[PDB]
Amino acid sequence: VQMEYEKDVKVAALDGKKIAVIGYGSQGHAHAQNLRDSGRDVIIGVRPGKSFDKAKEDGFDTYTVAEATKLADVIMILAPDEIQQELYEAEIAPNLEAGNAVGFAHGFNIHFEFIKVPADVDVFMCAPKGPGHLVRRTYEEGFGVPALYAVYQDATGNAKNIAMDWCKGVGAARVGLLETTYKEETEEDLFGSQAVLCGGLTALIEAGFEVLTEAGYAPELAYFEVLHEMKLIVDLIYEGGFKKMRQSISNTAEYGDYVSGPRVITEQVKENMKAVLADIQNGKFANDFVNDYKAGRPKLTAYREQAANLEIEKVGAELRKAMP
């Protein structure tokens, strides 16, 4: 797969389309504001509330969800995964016309088929690899955030052109686009955050903090040596890979990296990751998350209250308070 830019957006497929952005959170706000500043015809749809009147005061023709769908050719759904199915069956599905295009920024509900869009309506994705405030701010400052695009079903023959023009309209094509599939995006994103970015990382940090503090070392120092200093290390990898990071650190730290990394993250850890991937591919994780949500989030409640009691979080808060 090769990275694509503005020159690769062959058809200005959003020309003359009425675009509804569903939801006005950080993500919904950025997409809608960026498309408007690019020259597209964006209205907002959301339930009545703070979002509604923040949109109405941002200048957007704001309607309910059910009725902004009625008005639009392109309906981009930027609500949380857990409410999308209800919001779609109740407000969005009864207001789609043949030839509309429905967009998502994450493939979870379409891929796992919690939502099924009629076969005469396009389904596309444009999935910026950054948070809402960054998608909006980088656009305001003249570049953007790179993004994935995908098409799950193409009824009109325009679905890919719509996805790429969407990415171009929100600034993503200024910095780079990668074509994917709903299946690949959904499974790789879930595996990445579960096994490495979020789950693996916090568990690695926490286990290191436990080893140090259980061995008798000062927890304030431990906080610096397993968490605080990670920002600069990761900044370096972000900018220049493992190579740049390992030049900046001491030779002692770099030698320890080579020698000790493999002792911590072993072949067995890789096998553990494979089982995590399996439960993503076979729908078990997805069903587990949806079931927890339908039951009132009991597992999420217990996890959150356990995390709030971690010693690294209490020590950390105090130290971050002491370092303005």
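Note that residue numbering follows the sequence shown and begins at 1.
The mean Cα B-factor in the deposited entry runs higher for 67 to 75 than for the other of 67 to 75 and 181 to 189. The mean C-alpha temperature factor is higher for 80 to 88 when 151 to 159 and 80 to 88 are set side by side. The PDB entry assigns the greatest CA B-factor among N95, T202, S248, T213 to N95.
Comparing the listed residues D279, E271, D41, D257, the entry records the largest Cα B-factor for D41. In the PDB entry, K50 places in the highest third of its chain by CA B-factor. Ranked by C-alpha B-factor against the other modelled residues of its chain, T266 falls in the lowest third. Annotation for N291: C-alpha temperature factor in the lowest third relative to the rest of the modelled chain, per the entry.
Ranked by Cα temperature factor within the chain, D235 sits in the middle third according to the deposited record.
The entry lists a Cα temperature factor for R137 that places it in the highest third of the chain's modelled residues.
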